[PDB]
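In the block that follows, a single chain appears as structure tokens, in the form deposited in one PDB entry.
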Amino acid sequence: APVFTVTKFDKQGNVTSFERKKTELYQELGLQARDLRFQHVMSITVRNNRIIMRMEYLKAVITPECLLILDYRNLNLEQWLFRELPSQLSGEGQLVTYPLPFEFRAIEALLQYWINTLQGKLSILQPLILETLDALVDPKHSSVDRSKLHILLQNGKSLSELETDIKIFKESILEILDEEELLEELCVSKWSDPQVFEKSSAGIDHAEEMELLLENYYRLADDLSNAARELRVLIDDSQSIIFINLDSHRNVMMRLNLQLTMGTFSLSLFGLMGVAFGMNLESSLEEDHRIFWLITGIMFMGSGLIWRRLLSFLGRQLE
């Protein structure tokens, strides 16, 4: 029989970790089997007055009386759970929903944890990508470091995954915010005992508070998405600049090679003249003395003149 590893935080912040059979959990929470399938990444739903949330590896069930974290093992959640959550829920944590019922504090804690995780991913990726791009777009490098290219590719893949996570988080929060029915449903304590809260709520609107909390987290996620999109745009612009730099270096090297090739061609032409005039054959110019110096002088001078003329021709061709 499948089981859930459940960490339960009550309204008093006490932590109880145990394992419970899935059928027993369904019976306790008043939920069906399909409700706790957790097959969707980044899904927030309300079933039978219970808030089922899944943010990647974080699966949570919020009740009017307690919070349950499921399948928390082997995820490095022990520090976060057993240090922050008791303090955030029933201590001096940074949560600003203390006068509000427990579900507001639980939702705020979960959304704050996910926002902090996304912010940490972005704040790890951004300096690495920035320094890699700065190293790569250096104008004085003829060629780029390919190990840094592999690092940039891995970081870009991580950035795309992070951007997708931010996008789906924003989509879920926005689709919850758009409909007032979902906002009303999220107030589980209000609907658990509506008769009690008809007079308990001394002019305070739970739906308004939930809307404000979700809007705050949506705005934070929107800022994260804008930063990630800016980073992606910077990556693309840096890649274009790298392409232009490599092409410019190629053109410079090609121009130098062409000039040297013109020089070599002129030298080879007059070397052909010299070797043709210096083969082991009887001629009528061996007796003359000035002929050797005249030939070598005209060879060198013509090589220089042809090289200069070819350089001028290249300059005219390239304008």
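All residue numbers refer to positions in the sequence shown, first residue = 1. For the two forms, the rigid core is made up of the largest set of C-alpha atoms that agree within 1.5 Å on superposition.
Another form, the form deposited in another entry, is not on view; read the next lines as being about it.
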**OP:** Using a core superposition, identify the member of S87, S158, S200, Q239 whose Cα displacement between the shown form and the other one reaches 2 Å or more.
**Re:** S200
Subject >> Rigid core fit then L212 CA moved by 2 Å or more between the shown form and the other one >> reply: no
**OP:** Verify the C-alpha shift of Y98 between the shown form and the other one: is it 2 Å or more after superposing the core?
**Re:** yes
**OP:** Answer with closer or farther for the CA-CA spacing of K59 and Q94 in the other entry compared to the shown form; it moves by 3 Å or more.
**Re:** farther
Subject >> Closer or farther: C-alpha pair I62/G93 in the other entry, relative to this form, given a change of 3 Å or more >> reply: farther
